[PDB]
Every structure is written in C-alpha cells, then in structure tokens.
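Structure, as structure tokens:
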Amino acid sequence: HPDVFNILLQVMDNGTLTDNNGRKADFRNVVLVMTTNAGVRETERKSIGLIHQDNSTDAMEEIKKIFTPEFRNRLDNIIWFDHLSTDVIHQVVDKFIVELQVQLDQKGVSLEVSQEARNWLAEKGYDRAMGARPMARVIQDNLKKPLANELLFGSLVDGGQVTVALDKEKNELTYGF
Amino acid sequence: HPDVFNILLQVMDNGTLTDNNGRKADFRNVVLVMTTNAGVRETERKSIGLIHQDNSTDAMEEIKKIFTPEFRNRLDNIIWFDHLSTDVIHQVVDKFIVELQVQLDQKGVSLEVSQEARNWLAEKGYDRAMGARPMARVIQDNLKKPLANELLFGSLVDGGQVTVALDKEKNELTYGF
Amino acid sequence: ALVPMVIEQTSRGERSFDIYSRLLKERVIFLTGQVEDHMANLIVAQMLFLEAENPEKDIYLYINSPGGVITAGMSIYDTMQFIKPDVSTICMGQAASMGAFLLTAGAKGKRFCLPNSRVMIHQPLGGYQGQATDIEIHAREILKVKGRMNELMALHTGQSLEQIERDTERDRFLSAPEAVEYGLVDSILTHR
Amino acid sequence: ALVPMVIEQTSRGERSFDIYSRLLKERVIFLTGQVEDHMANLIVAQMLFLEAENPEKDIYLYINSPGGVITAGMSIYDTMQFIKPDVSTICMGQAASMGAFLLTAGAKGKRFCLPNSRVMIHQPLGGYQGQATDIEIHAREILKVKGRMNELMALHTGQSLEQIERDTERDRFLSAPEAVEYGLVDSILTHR
Amino acid sequence: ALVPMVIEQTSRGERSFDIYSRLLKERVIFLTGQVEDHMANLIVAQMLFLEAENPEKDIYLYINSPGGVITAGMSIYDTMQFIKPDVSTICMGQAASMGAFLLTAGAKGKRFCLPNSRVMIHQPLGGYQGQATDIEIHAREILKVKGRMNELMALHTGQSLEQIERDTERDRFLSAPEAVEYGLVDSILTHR
Amino acid sequence: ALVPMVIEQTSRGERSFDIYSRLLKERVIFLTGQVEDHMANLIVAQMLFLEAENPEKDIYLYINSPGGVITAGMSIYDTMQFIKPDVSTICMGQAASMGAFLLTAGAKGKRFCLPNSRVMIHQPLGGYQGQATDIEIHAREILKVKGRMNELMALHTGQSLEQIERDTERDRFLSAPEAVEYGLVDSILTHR
Amino acid sequence: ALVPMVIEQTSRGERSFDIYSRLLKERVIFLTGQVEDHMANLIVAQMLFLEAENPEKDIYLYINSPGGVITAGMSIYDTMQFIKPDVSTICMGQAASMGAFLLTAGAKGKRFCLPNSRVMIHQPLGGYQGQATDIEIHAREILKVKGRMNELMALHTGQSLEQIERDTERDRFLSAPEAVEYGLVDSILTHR
Amino acid sequence: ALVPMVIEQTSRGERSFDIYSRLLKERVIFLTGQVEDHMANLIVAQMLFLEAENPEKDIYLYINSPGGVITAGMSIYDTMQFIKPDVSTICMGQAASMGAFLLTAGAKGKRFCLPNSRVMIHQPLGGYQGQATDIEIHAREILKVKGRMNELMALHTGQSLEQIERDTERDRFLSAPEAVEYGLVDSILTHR
Amino acid sequence: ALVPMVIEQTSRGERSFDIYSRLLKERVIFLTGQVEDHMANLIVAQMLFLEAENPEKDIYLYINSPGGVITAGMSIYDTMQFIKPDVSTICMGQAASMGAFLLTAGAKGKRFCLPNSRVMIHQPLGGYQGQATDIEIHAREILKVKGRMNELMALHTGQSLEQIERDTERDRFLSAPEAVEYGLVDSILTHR
C-alpha cells in the first residue's frame, strides 16, 4: 500500500525507525534495495501510429506517480535494468547449465553439453519480453526432463555420465551413459 | 440504515430477533410503532411560478415513494396524525402554564396568566410543521425569564400575586406582587 | 447551453433538469411564439401528461404569443376543456389572436394577466385559390369557424355574442386593465 | 429542451424520458403534421411495439393532421387493422384528407373527436407528366386508388359506396357533430 | 425526441433503447425512403450484425420505399443472398422500383405484402452527357444493368424472362393480390 | 465545446455544469443579444426559478443587448417587478433600446454599469400595411405603447415625463457617467 | 436512430455500440460515398487503431463508393500498404474510380467482390484556370498523377502497364466476373 | 468529434473533459475569431468564473482574432479591468483591431506575443443610413467611441495620445518585435 | 456514429473514447482540411495539452491539408517551435501551401512523408480593395509576410534563401522523393 512507503522516509533520511516500544532501529549500516516492476507494463506497450514511439520514459510516469516526491528525492539512485541481450542469454544459459551440472554431480553423474546444443537452447528460449526467466524452462524441458527419466528409471544412475549434443538435421538433442 | 429496515421486516415475518449470544427476542407480544415526518415536508414547499399553488399531498403516497411495498404490506396500517387545531394548542399552553404554576406554588408564587396571554403563547409557539414542539420554548422563555429575574433579584418574594396581562402588541405585562 | 440546467434536492438530490423541465414538474407549461401544429402537439402532450400525474391539481399555462393557426390552437383549446384539472392561464408579453383565444379559455376565476401585457383579438384570417365552386366551399368553411370562434368568445367572456361580433371585426387591442373590464381575464397579477 | 423531460417513479425512480416517450408508455401515440414515409414508419413502429407489450389493451392514437401521402398513410392503415388491440383514434385540431381516412379506421365504437375539431374528406390528389402512354398508366393508377379509398370509407362509415363517392368529389368539411352523424366517428369526447 | 425511447425489463431492468434499436433486437430491419448509399450501408451492417447474433433466426425486412439507386440497392440484394438466415420481406405502403426489386428478393415462401400495399416495377432510369464515345459506353452500361435486373426478377418471381421484360417496359403497378398472382410476393398478411 | 464545462466540489462530488448553469446557481442571469420571445421566455423561466430557490436573495441580471421586441421585453419587465427578490441589473457592453429599458427597471440602488458601456434610448419602432382603417388602429396602438414606455422611464429614472418625452424622440447615447447622472443607473462599477 | 444501438454479452457488461463501433471491433471498416479528406482521414485513423490492437489480424474494408479525391484516397492507399496486417477489401454496390483503385490495393488473394457489384475504372479528372504558365504546371502535375496511378494499377492487377493505359482512357465498367478476370479482384463471394 | 476529450487523474478517480474545459481549468481562456456578443458574453462568464475560483492567481487569455464589434469587446475589456487577478494576454496568430485592443489591455508586464504573430491597429469602423439629423447623432457617437479607444490605447501602451491618434488613422501592422517597441506587448515568447 | 468509439482497458476498467481522442492519447494530432482559425485554435490546444502530459515525448502531427490561412497556420507554427518536445510531422495525402509550410517545420530528422503523397509550395495569396493609400499598406504587409515565409522555408529546408525565393514564384509540386531531395522532409515511410 503506498502509505507503507512513508515508513521509509525517515529510514532513508536519518537511518532510523522507531518501534512501538520506542526503541530505534539503526539502518546506517544497511544497504537498502527496493525492487520494482513499475513502469514496465507501460514501456512494453505498442503505440498507435505510423511511427513507433520510444516508451523508455516509464520513469517519468510510473515511477513519478507511484513514489511521492519526498520519497524519490531521498534515493541515491533509480536504476533501470535492461532487457537481456542475446549475448547475455548465452551467458545465462551457461550459468543455468552449470547449476544443472551441480545438481547432477550430487547424484554421482555428470553432464556435458556441446556448444551447438548450448547455442540452440539459447536461441530457442530467448524472449526479450521475459528476460532470463524462460531460459530456465527451456533447460527444464530440454535437459532436465530427459535426465529425470534417465535418473529415475535406471538408464543414468550410478556408473554413467550423459553427453548432450545437437544434431543438425532436426536440431534435436542426444543423450547417453 | 437499510439494514435496520431489513431486520425489522425479518422480525415482522418471523416474530424474532437473534442476539449475538444466540438468545432470541420474541416479538409476538409486542406492538411496533414507527413514526415518520415524510408527509409533512413536501407540503411546506413553495412552487415555482407567479401563482403559488397548493402543495398539499397525500401523506400516504409520500410514504409509498420512500418505503418499500414489502414493508407496507406487513403493516396493519399507516395512520395520518394531523396538525393541531386552535383549541388543542390552547390545551397544550394551559398544560404548560399549569406546570409553571406548580413550580411557582412550590415557592408560593401565584401567577395569573390572562386568557389573551394563553391564546397568544399557543399561537406564537405553535408551528403547524413542528406542531407543539416549540411550545416548550415559547413558555420557557416568555413565562419564566421575568419570574426568575424578579425572584432572584429579590423584587418578587416566595409568595405574592404576580400577573401577566398581555397587551395589544402581544407583550407580557408582568408585575411584582 | 441555450437552456440552462438546474439542480433540485429531493431525497437523493441527484436530478438535474432543463429549466423548462424543472418547471413542467411544477405543472407549468409555456406557450410561446406562433401557434402551429408541432408546438401545439407538444403542449397537448404536456397537458395530458400532467393530467395523468395528478388530476386534482391546477396546470399553469404561461402565454406569450402573437397568434397562429386556428386549427392547431384548437387542439390546445379542446384539451384544456377536456382534462380534469383546471388550467389557469396567464398572459405575459402578449396574447394576440389565437393567443387571446386560448387565454380566455382558462378556468374561470383563474385567468390572469401581468399589468403591461397586451391582448389583441380579431376575426380569423385565411384564404383559398381554386375554382369558384371550391372557393365557395372554403369560404363557407372559414365563416363557420368565425362564427364558432365568436360563440366561444362570448361564452368565456360574458359578452353578448353581438358584442363579440362587433369587437373582432377589426383588430382590437386591450391593455391589461381593459382585458379585465372586458372579461378576457379575471384579474391582474401585480406583485407577489 | 424543445421537448421537456419528465420523471416517473418506479422502484429506484431512475427514469427520465422525453414527454413523448413517457406517453408512449401509457399507450398514447401522436400522429401529427403531414403524413409521409418517415413519420408513418414511426407510428407503425410504435404500434407494433405496443401490441407486443400488451395485446389486450387499447392504443390511443391522437390525430392532428392536414393530410399527406396515401401510401404512407396506408402503412399506418394496415398496421392498425392487422394488430390485435383496438386502436382508438381521437381527433383534435383537424383530421383532413388522409388524416380523416385514418381517423375513421380506428376500432369501431372507439372513434371520437374533441368538440371543436374539424374533419375534412376529399378524393385523392396526384399528377404526372410524361408521354401520353405513361399518363394513361398513371391516371389509371390514381383512379384505382380513388376507388379503393372510397370502398374503405364506405366500409368504415356505413355509408353506401354511392354516397361516399358523391361526398368526396369536392372537399367536404364536417364539424365534430357532423362527423358523428355521418359516421366518421362514433362520438364526441367532451369532458374526461 | 423524434424517435421515442422504450424501456424493457431484463434481470436488473436497466435497458432504455431507441425504439428502432428495440426492434433491431427482435430481428426487424426497416428500409424506408429512397434507397441510397448511406441507407443501404446501414442496412447491410444491420443484417450482418443479425446474421452473427443468431445464424438460424429469420430476419424481417420491412419495406416502404419509392425506389432509389440500383447500385446502392444491390448491396442489400447481395447481402441478403449471401447471409445464412432467411430474410423475410414485408411490403407496407409501397415497394416501387428498386424497392420492389428487393421485396421479391426475400426468401421464398416468406415474401408478403399487407392488403393495401402497392408494388411498382419498371426498367432502370439513368442518363449521361458527354462525347458520343462516352455516351456509347454509358449506354451499354445501363443496358447491361437492365438485362441483369431482368434476369433477377425472372429468377425470383418465376416469370419467364421474356414476360418479365415486357412487363417492365413501362411502369407497372400491382395491387397486393396482383403481386401475389404475379409472383412478386407469396402471400398477403391480413389480421393477427 | 461552444460552452465549456466547469466543476465544483460540494458534498459528495463535482457535478459538472455548462458554465452558464454554474452561474445560474449564483443567481446570475445573462441577457444578451436581441430581445425576442424565446430568449425572453427563457429569462422569465430563470427568474421564476431563482425566486423559488430563495425569495430573499438578489438576482443579478447581466445585460449586453442592442434592443429587441417590446412585447418580449415587457414579459421580462413584468416578471422583474412581480417577483419578490430584487433584481439587480448590470450593464456591460451595451444596453440599447429595450435593453436600456430593462436596465433601468432593476431595483433602485442596485442598477449599475461598467465604465465603458453605452446605454442608448429611443422611442419605439414599428409599422403596418393595410387599409387606412387598420392603419389608424395600429398607429394608435403604437402610440399608446410609446406613451406607456415613456411613463415607465420616468418612473424609474426620476425624470419628469416631459423630459423623457423630449429625450427619446431621437436616439440618445449615454456614456456610463451620463447614465448615472441621467438616472438610468445608480452607479458605475470600477474595480473590485 | 439514425444509427441503431446494439448490446454485447462479454464479461463485465453489455455496454452498447452503434453498429459501426460494433463492427470496428470485428475489424471491419466501411468506406462509402465520395472519398474526401475527412472521411479518408477517419478511415486512416481506424486502420491505425486496428493495426495496433492486433498486428497479426486482417482488417476488412467494405467498399461501396463512386469515387472521390485522389489525394484523399492516396492517404488511405498508403496506410494500407504501410500497416502490417493484410487489408482485405470487399466490393459491394460499386467501386468506381478511386474506389476501384483502393479495392484492388487490398492484399493479394484477399480482394473480394460480391456477385452483382460493378467496378469502374478511369483516368483521373481535374482542371485549372489561370495563366498559360500556371496551366502548364498544373497540367504536368495531373499527368504525373495519371502516370503514377497507372503504375499502381498495373502493379496490383498484373496487367501490363501498356494495357492499363489503354483501358482507362475512357470509363470502363466491369462486372464482378470481369473484375476477377481482369485481376482487380481475386474472387467472388456468393453464399456463406 | 470536432473537439477531443482528454482524461486526467485527480484524486479518487479521473475525469474526462472536453479539451476546451480542460484548459479552462488551468485558467486558460481562448478568444478566437470575430468578437461578437455571444462569444464575448461567454468570455466574460469564464473570467468571472475563474476569478472566483482563485482571486489571487493569474488568468491567461489567448488571442487569435481579426477584430469584431467594439461594444462586445468592451464588455470583455471592462471585466478584465474589474476582476482582481491579473489577466495576462498572449497574442498568437493575429490580434487585429479589437483583438489588438484587448491584447494591450492585459496586465502590465504580462502582455506576451509569439514571434510570428501580427498585431494590427486602426480607428473604428461603422456607418448609418437615415435623416441628416440621425446621421449627425450617430456620427458623433462613433467619434466619441474613437476618442475613447484612443485614450485607452494611450493609457495601456505608454504612447502619447497624439501619437496614437496618428498611428490609427489607417491600418498599421506591427510584427511581434514592433509590438514590443511600440508598447502593445511587453515581450516575445520564443522557446520554453 | 459518424466517428466510431473505441474501447480500451487500463486500470480500474475500460474507457470508451471517440477514436480521435483515443489517438490524442498516443500523442497523435491530425491536421486535415483547410487551415483556419478554429482548426488552429484546436491544434494548438492539443499540442499544449500533450506538452504538459509528458514534455519529453514526441508529438506526431499527421498532415493532410490543402492549405489555409497563413495567420492561423502561424499560430500552429509558433506553438510547435515553442513547446519543448519535438513535433514530428508526417505528410499523407497532401501538404500544400500552408500545409507544406507546417510539414517542414517539424523537428529535424523527424519530417516524414508517405510515398504517394504530394507536397506543394507557393508564395502567399491575398488581396485588398480600397484607396490607393490603403492598397499600399496592405500590399506592404503581404510582401513582408512573403519575405518572412521565405526565410522560414530556407531555415527549415537548408535551401538558400534565393533558391527558395525562386522556387515559390509559381506552384511547385514535389513527389515524396522530391520532397526528400529538396529538404522539405527527411525521409519516406514505406512499410512497417
């Protein structure tokens, strides 16, 4: 509720907040980070006309309308995160694959993914609109589901490892032991 | 509030009102009397036009336009209590004068209120829109303020014959004793 | 905004009404300008509407009119004598010709006229082009209307018919006090 | 605000209707002015609408009309005869020509005129320029209409055809008592 | 208030619809006056609207029209044949020229005229000023239309083409029973 | 957008209103342009409406008018005199002819005009064509009106009648300070 | 009811639409009558509006138009080519001149014509009064437009340019099947 | 759709306001086109309305006007001087004649003019037909008005009266920079 | 339903907005038809309104205009230069005369033109009747305007002044590619 923001005026400005017993919270050694999706619904909307408009000034409307001037004027900064680029997606995919590798290592099996397979997953899952969020699903469907069957029903348990590669004809992934 | 109205209809239909403690009030032995002033408000309004017309209405219709038929259909009646006649307002002022005299008798003061004074107070206090309600004030001030003053100042005594003639300008022609 | 809105408090007090509708609600109808069919039909609709709303209350008809079509005026004339509640007519500005005709047709004792208003009366006008045979028919038709109009004036004013017959031969103008003396109206409204 | 608004209570009372709509709700339709196609298409829409609302109740049609197009009048004429509830026609002001035709077409026993109204009847008018061959076609067309108009008048008035035929050769004006005697209407409404 | 409002109850009851919209809701469309492009454009839109609302519920087209532009009328004609539900055409007052054309184009067995309607048919009218070369182009253009209209009349009425051509050489008026015999309509409505 | 809407917060909401209705609530009526019957009829409706709203408060009439029909103006003139609350008339722009007449008719001590306004007074205009007998009647009536207007000017201004008689034979223009000296207005408004 | 209202069952409530707004929601735009600046401007606004609502769905342009101003039509033409969704055009009634021009400009495979509609094409008209040098300038401009229009006709119809030029020197009328063979439209809609 | 609606969030909701009302709310009044009585009357109503809403805040008057009736313009002129808040006038497009007159009448230091706007000043126009005696009266009145306008120009511009007298003999056009030097405006707005 | 309504969901629910208002919200303004005072007065109001809504976003001005009054156009011209956000002008249909003038006045790099649109430029027109002295004054003013317009054209297009001076002697038509080369616009929009 926007009135809850008022609680932070004295926090951001004096590092303090007083509890109902009269004791004071001391935030001088606290880093305050607030996150938001304000302005996104608007920045992602298509305009009507021959020329598409630049809707990057979301900061000028939603952030300003939501946060009272006295709140805003106490911030060190308002930082706009961008949509992730495709270069980033490749890095994101590598990151998620590593997370997968760790979960697999804990079960005594390991996973290798070819570069072609990685590029394919990255290319398949990219959606500028949803950032890095869907990449975890692309990995979930292309790597984790196959693996769960191999891990759960004996194909890939103790004694083996799995290598995943992309073919070119179908651009389908391989698996193994 | 409409939920008073709704609970009254529920009582009219089943004879009971249920308490927070599960206790039930039994209305089979009671008489419900409701009052309303709706039928007297419309009649006191002046019409727009060179000729004012008669805005007398049917009070029963005014009720019809305010109250629901579910309510009306659960009544034994809707009764019009009319305005008061001259002799009635005299009965009312005389009752007030007698009560005044009782207070004066407790002190021992005899107050003679002329018939002209009695008629006038009844006429002045009475308001056909508010009936006899204002009579309390025409007598409370006109027949008492001067007595309180002569008694408290000490010009009037516990006893004595004090009279109030009314003059042609309708003034209280009070006396000492 | 040719016609302003007014706001009236009631129970909810949300209603706004063109000032003319606000006055219709008080049983006030305004007849202005030429009497024609569309206007008259609207006045008749208003009178029938008020008769239905409350048959027991007077309807006030404000007249400020130079005259008009007799036929159209007669639909007002007859509605006024048909509907149950009295129609009280008030002349302001002018009531000429058919306008005067309707003014005197109000309920007896309730025909009023503001003091600087003018009332004018005169035999009906008309005309026709055609064969001598058709001319005769139409001439007979206007004379009957004249005669009928003369009979109704005498009825409503108390003047003898012969006197009405003479007085409408040529335009006759009456000041508000003259309208009262003549019998077109009962009285003059002056100040509230 | 040419046409005033009226307020009617219901339950909530949230009803504001132009006076014309308010009276339609009381099953009153006004037919006024020249009878043409757009107007005599609204009269029909209203009658069909009222028939559906309650097939068992009368519809009151107020007529104040100088005449008009026969064709347009016939869509009204046929709708009145087709639908179930009686249409009671009331003459105010005038019912001339096509207007008189529709007046007599109301339900038997329910046709009436206010006392100072005027009803006028007469054979149809028309015309046509073109080749002698086309003139004959169009002349034949108007005579068939005249004949058809005469049959329907005789049907509704009770006059013989021969008599109704003679009486419409030239404009014939009838006073309200004459309309009753003749049979165009059944009675005169006087006072409510 | 040229067009009255009607109130209809539902669940909550908050429905106030112009009387013509009230009738559109019942699948009734009115074609009146001259056939032109804006009118035709609106009728087509209404028919498509009704077709979608319920593809299996007749649409009633009330016709009272002197004629109009063929081109505009053909967009009504084509829409009526295109759309799935039957369009039942009713002739009231008149259906002349293009109006007659559309009347006969209604669904077979569902075409009918009130007892006093007139239906009139006749070859297309037109014209053109310009150079003899342009006159020739436009003259051929109108003759093709005439031929095309003649084929459609024959198709819908059941008359042979030669007969339908002879009969439209000059204006031909048909009374309601004549229209039935000719085949312009299937029947005559009489009384509820 | 010819007339802009304004909003005001009172109890539970904004209530937008045509700026002209917003001012009617403040008991401000504007009279502008020609004085005619429909305009005058509306001003009277507004004054009666305000009188009922609160009989004890002044009504401000803003006048900016070149003149107009005397009859229509007298309708306004008499209502102002009849109704209980004072009508305070303010002249802005111009008050000519009948406009000046109404300006002086406001409540004494409350008649005022802006510094650069102009007030113009003159005897009434009119005319008639017809038989010498009718000319005589109509000429006599306009003279009675002139006399009547002359008396009312003298009454409201304090001028002798003869002085008014002389001053209005030909158009007379008065600057705001002259209107004050003459007695048409009581004062000049300057700055708040 | 110049334009009927309809109501729609969706989720939150029926609201109401005036047919054309109702059809705009279905991505149907109607182009009728003469093409001029204001109407063209409105169509462009509607197409931009629909393009934004859903860039992946076709827009249907119903055409029934005699022609119009090329410039105005040119703004429609360019918007149709610019916007992402295909614009499917349907010719009903007529598509003449500029109307025909826009008809063929719809997405290939989606140009439809109803069976009895007529399409007419011709070179542009214009004119100018002034000095011989001013005439020279304007003559060149109209010729450039003619050339430009022929280039676009050839592009959209598949006819050679040489053939388009010959075929538009004089008005050319095409019936729906002729338009298909010529290539102005792709197919004829018949029955659903 | 001549004037678009705009929506602005307020407190408990948002409100849709004709763009012209949306700007009145910001204390912006637009004076455009000829100055006449009805338009002037509306500007006066707007200024009085704004004065009451906040007597301590400036009112902006945007002028784009060729001139008009002096009388009507003076009512605007006097209201601007009477009301408490400063009226800041801005000339855009043109301010000619009476428009120029009102432009210079704004609050000193707040009279602004856009860079390409033109201001034009000239003695008043008028005329009269009648008897030599009436001509004489009317000629004197126009001359008094001329003198009066000359006095107000000198007052507001700082020019001597003699200089104003010479400069308005014939139309004198001033570019925005010339208006500043002359003293009609205080400054030129350029870019925000 | 001349202008369709569109509906969009926002926060609390859906809002119905004339399609023209729906586009104003997208910062799209249409300038079509003749440039005159009332039209300019409205465009300026819209631009001021959008500037306030969000000073940092572009305003799109769609132009399809044959020309108009220079004065009115200059108020648009000055507002565009004054307000902070860029105004991006797009030419569709035509931008002639004053329309072309405003087209080039858009923000540099943002002047766009659809491919089949025409842009036409010429020296200003005008005229005057009167005494030789007045003729000189008015001739002097139109020439100053011509000079002034010539400077602004050179400023915005990058052409030398002398070249602009020569090129506007007589109407010059430019195709969209020519407008780009000349410098009236920056680029041509083709397909999305």
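Quick note on naming: the chains in the structure tokens go A, B, ... in the order shown, residues restart at 1 in each chain, and ligands are numbered from 1 in order of appearance.
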
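A least-squares superposition of chain H on chain E, with Cα atoms paired in sequence order, returns an RMSD value of 0.4 Å.
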
Item checked: Spatial neighbours of residue 172 of chain H, max dist 7 Å, only C-alpha atoms, sep filter under 2 positions, as a PyMOL selection string -> chain H and resi 120-122+167-168+170+174

Checklist line | Selection near segment 140-150 of chain A, 12 Å with only C-alpha atoms, sequence-local residues under 3 positions removed, as a ChimeraX atom specification | finding: /A:93,96-97,99-101,103-104,107,109-113,117-118,120-122,124-125,133-137,153-158,160-166,171-177

Next item on the list: Once DSSP has gone over the backbone, tell me which residues of segment 51-117 of chain B are in alpha helix (DSSP H), as a PyMOL selection string.
Entry: chain B and resi 59-64+69-72+86-107+115-117

Could you dump the residues just selected with C-alpha atoms as a CSV table (one decimal), in the first residue's frame?
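The result, written out as again.csv:
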chain,number,residue,atom,x,y,z
B,59,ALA,CA,-49.0,11.7,3.1
B,60,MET,CA,-49.8,8.1,2.4
B,61,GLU,CA,-48.3,8.5,-1.1
B,62,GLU,CA,-45.3,10.2,0.3
B,63,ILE,CA,-44.7,7.1,2.4
B,64,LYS,CA,-45.3,4.9,-0.7
B,69,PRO,CA,-44.1,-2.3,-0.5
B,70,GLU,CA,-42.6,-5.2,1.3
B,71,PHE,CA,-42.6,-3.0,4.4
B,72,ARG,CA,-46.0,-1.5,3.8
B,86,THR,CA,-56.6,26.2,17.9
B,87,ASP,CA,-58.3,24.7,20.9
B,88,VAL,CA,-55.7,21.9,21.1
B,89,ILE,CA,-52.8,24.4,21.1
B,90,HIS,CA,-54.7,26.1,23.9
B,91,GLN,CA,-54.9,22.8,25.8
B,92,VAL,CA,-51.2,22.5,25.3
B,93,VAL,CA,-50.3,26.0,26.5
B,94,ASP,CA,-52.5,25.6,29.5
B,95,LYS,CA,-50.8,22.4,30.4
B,96,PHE,CA,-47.5,24.3,30.3
B,97,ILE,CA,-48.9,27.2,32.4
B,98,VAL,CA,-50.2,24.8,35.0
B,99,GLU,CA,-46.8,23.1,35.2
B,100,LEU,CA,-45.3,26.6,35.6
B,101,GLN,CA,-47.7,27.3,38.3
B,102,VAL,CA,-46.8,24.1,40.1
B,103,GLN,CA,-43.2,25.3,40.3
B,104,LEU,CA,-44.3,28.7,41.5
B,105,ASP,CA,-46.7,27.1,44.1
B,106,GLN,CA,-43.7,25.2,45.5
B,107,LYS,CA,-42.2,28.6,46.1
B,115,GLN,CA,-56.6,34.4,28.5
B,116,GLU,CA,-55.2,36.6,25.9
B,117,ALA,CA,-51.7,35.7,27.0

Notebook entry, point to check: Could you state the separation of atom CA of residue 87 of chain G and atom CA of residue 33 of chain G in Å, given to one decimal place?
Noted result: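 If I compute the distance from atom CA of residue 87 of chain G to atom CA of residue 33 of chain G, I get 19.4 Å.
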
Next item on the list: Find the residues around residue 141 of chain C up to 12 Å (only C-alpha atoms counted), leave out those fewer than 4 positions away in its own chain, and share them as a PyMOL selection string.
Entry: (chain C and resi 124-128+134-137+145-148) or (chain D and resi 118-120+171-175)

Within 7 Å of chain E: residues of chain D, using only C-alpha atoms, as an mmCIF file with C-alpha atoms, in the first residue's frame:
data_model
loop_
_atom_site.group_PDB
_atom_site.id
_atom_site.type_symbol
_atom_site.label_atom_id
_atom_site.label_comp_id
_atom_site.auth_asym_id
_atom_site.auth_seq_id
_atom_site.Cartn_x
_atom_site.Cartn_y
_atom_site.Cartn_z
ATOM 1 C CA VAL D 3 -39.204 18.531 -25.775
ATOM 2 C CA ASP D 18 -38.831 12.893 -23.079
ATOM 3 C CA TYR D 20 -43.175 11.703 -25.999
ATOM 4 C CA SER D 21 -41.676 8.507 -24.672
ATOM 5 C CA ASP D 37 -42.920 7.940 -45.115
ATOM 6 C CA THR D 71 -49.031 5.397 -49.493
ATOM 7 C CA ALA D 72 -47.527 6.416 -46.213
ATOM 8 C CA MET D 74 -51.649 3.057 -45.813
ATOM 9 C CA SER D 75 -48.817 1.507 -43.929
ATOM 10 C CA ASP D 78 -52.890 -1.622 -42.481
ATOM 11 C CA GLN D 81 -56.126 -3.270 -38.913
ATOM 12 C CA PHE D 82 -53.607 -6.055 -38.617
ATOM 13 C CA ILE D 83 -52.601 -5.814 -34.997
ATOM 14 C CA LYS D 84 -54.703 -7.262 -32.210
#

Next item on the list: Find the spatial neighbours of residue 44 of chain C, counting only C-alpha atoms, within a cut-off of 9 Å - ignore same-chain residues fewer than 6 positions away - and output them as a list in words.
Entry: residues 75, 76, 79 and 80 of chain C

Next item on the list: Would you mind writing down, as a ChimeraX atom specification, each residue of segment 11-157 of chain B that DSSP on the backbone assigns to strand (DSSP E)?
Entry: /B:16-18,24-26,110-113

With N, CA and C atoms retained, export the selected residues as a short mmCIF file (atom, residue, chain, number, x, y, z; two decimals), in the first residue's frame.
data_model
loop_
_atom_site.label_atom_id
_atom_site.label_comp_id
_atom_site.auth_asym_id
_atom_site.auth_seq_id
_atom_site.Cartn_x
_atom_site.Cartn_y
_atom_site.Cartn_z
N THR B 16 -39.08 -12.84 15.46
CA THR B 16 -37.90 -12.87 16.29
C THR B 16 -36.66 -12.20 15.77
N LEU B 17 -35.88 -11.77 16.74
CA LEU B 17 -34.58 -11.16 16.51
C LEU B 17 -33.54 -11.98 17.27
N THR B 18 -32.47 -12.39 16.60
CA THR B 18 -31.48 -13.22 17.29
C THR B 18 -30.22 -12.44 17.65
N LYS B 24 -32.99 -15.34 21.80
CA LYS B 24 -33.96 -14.77 20.89
C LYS B 24 -34.99 -13.90 21.56
N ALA B 25 -35.17 -12.73 20.98
CA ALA B 25 -36.23 -11.84 21.40
C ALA B 25 -37.48 -12.26 20.68
N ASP B 26 -38.56 -12.37 21.42
CA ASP B 26 -39.84 -12.78 20.89
C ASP B 26 -40.79 -11.60 20.80
N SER B 110 -48.09 33.05 43.12
CA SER B 110 -49.28 32.85 42.31
C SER B 110 -49.17 33.60 41.00
N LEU B 111 -49.15 32.90 39.85
CA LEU B 111 -49.06 33.60 38.58
C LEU B 111 -50.35 33.57 37.80
N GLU B 112 -50.89 34.74 37.57
CA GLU B 112 -52.08 34.82 36.75
C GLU B 112 -51.72 35.04 35.30
N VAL B 113 -52.13 34.14 34.43
CA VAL B 113 -51.82 34.32 33.03
C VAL B 113 -53.14 34.61 32.34
#

Check: Please, which residues of chain F lie no more than 9 Å from chain B when the count uses only C-alpha atoms, and can they be set out as a PyMOL selection string?
Finding: chain F and resi 45+48-53+79+82-83
